[PDB]
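Below you will find one chain, with nothing else, as structure tokens; this is the form deposited in one PDB entry, and questions on how it binds or moves follow later.
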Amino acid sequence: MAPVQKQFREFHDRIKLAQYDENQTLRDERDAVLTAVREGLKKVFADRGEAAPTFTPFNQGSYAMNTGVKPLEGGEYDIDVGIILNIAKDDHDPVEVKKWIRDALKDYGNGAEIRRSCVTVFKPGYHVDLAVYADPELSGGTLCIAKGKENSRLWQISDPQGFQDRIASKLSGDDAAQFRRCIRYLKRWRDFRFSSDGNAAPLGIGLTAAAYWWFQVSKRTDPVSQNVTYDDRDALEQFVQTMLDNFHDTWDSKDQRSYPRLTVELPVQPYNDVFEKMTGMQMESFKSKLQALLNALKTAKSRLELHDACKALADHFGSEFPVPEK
């Protein structure tokens, strides 16, 4: 077993959050927001003179892909759900349709809010982000998400279940488990070292897509027993170095200088750069902290003392990274 593998697996155990199918609590919080939309829509459509539209819900995001992490103390769960309304996208404005859902949830928890890509409702210790889609069968065979706010706004081609399939299918078995561990590690790093400025933080979706493009398994197969051991430290070092290698200096005509930018395309529609909202200064800070993480992964490998190796990693992963006593 590689040095520090035991402590990576212990760290993983402490940061992992059980996915929808293994987590009764998340399923119940999800279903309650779903019920409140159904109840809420009757009331919105009472002023319309016809039944509220039917919708089909589906799991989205980290809790659907088994890449979920516990928030830091006083952080929030992010429950992602898709609802496909039984409507023709050409019959309705996307902000109009998001309004139905916001107004539906006006009286649920602390409030409801139309965002660029979802309706978000707030409750004690978590939010539910509802992605709102039109019916493909009524919309010319495309699944489209309702994009835009009052301050803008279209039906954008979307493929959340294709993205979910891509993450599930890249690898299998214990290879796929390492891939998922390494996404979770970077999400905890994100939470620990980008707490000062939430806005500057790389999105979980961006770390996940980066892993889809660039993650490689690190394992060894004993030449005697063929017993297999994983090396998460090494897989992370190769992955972080590959991400660093894909930053490009990008000219900014306003500032008259370049900023390093990492472009990470979603591998399904709409194939957008998931990091496009990050500013050049945020990208420079992202790159510098990634390089500092890479340097710690390399220092960990060479330390005489397991204590010193684990301390070097704890400095980037936070208080759940085990540090054995010297």
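Between two forms, the rigid core is defined as the largest C-alpha subset superposing within 1.5 Å. Residues that one form lacks are left out of the comparison. We number the residues from 1 along the sequence you see.
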Practice problem: For the stretch from residue 152 to residue 153, please bin the deposited residues that the model skips: none, 1 to 3, 4 to 9, or 10 or more. | Solution: 4 to 9
Quiz item: For the C-alpha atoms alone, is the average B factor greater in 184 to 192 or in 136 to 144, going by the entry?
Solution: 136 to 144
Practice problem: Could you check which stretch, 106 to 114 or 245 to 253, carries the larger mean CA temperature factor in the entry? | Solution: 106 to 114
Quiz item: Going by the entry, which of 124, 71, 160, 173 has the most elevated CA B factor?
Solution: 124
Self-check item: Highest-ranked of 265, 28, 284, 276 once sorted by CA temperature factor in the record
Solution: 28
Practice problem: Place residue 306 in the lowest, middle or highest third of its chain's C-alpha B-factors, as listed in the PDB entry. | Solution: middle
Quiz item: If you rank every modelled residue in this chain by C-alpha B factor, which third holds residue 83: lowest, middle or highest?
Solution: middle
Quiz item: Based on the entry's values, in what third of the chain does the Cα temperature factor of residue 229 lie: lowest, middle or highest?
Solution: middle
Practice problem: Divide the modelled residues of the chain into thirds by Cα B-factor and specify which third, lowest, middle or highest, holds residue 291. | Solution: lowest
Quiz item: Going by the entry, which third of its chain does the Cα temperature factor of residue 221 land in?
Solution: highest
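Unshown form deposited in another entry; subsequent notes refer to it.
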Self-check item: Residue from 168, 87, 217, 201 whose Cα, after superposing the rigid core, lies 2 Å or more away between this form and the one not shown
Solution: 201
Quiz item: Given that the distance between the C-alpha atoms of residue 301 and residue 202 changes by 3 Å or more in the other form, do they end up closer or farther than here?
Solution: farther
Exercise. Looking in the other form, decide if the C-alpha atoms of residue 80 and residue 202 are closer or farther than in the form shown; they differ by 3 Å or more.
Key: closer
Quiz item: Superposed on the rigid core, which segments of at least three residues move by 2 angstroms or more at the Cα between this form and the one not shown?
Solution: 195 to 198, 200 to 203
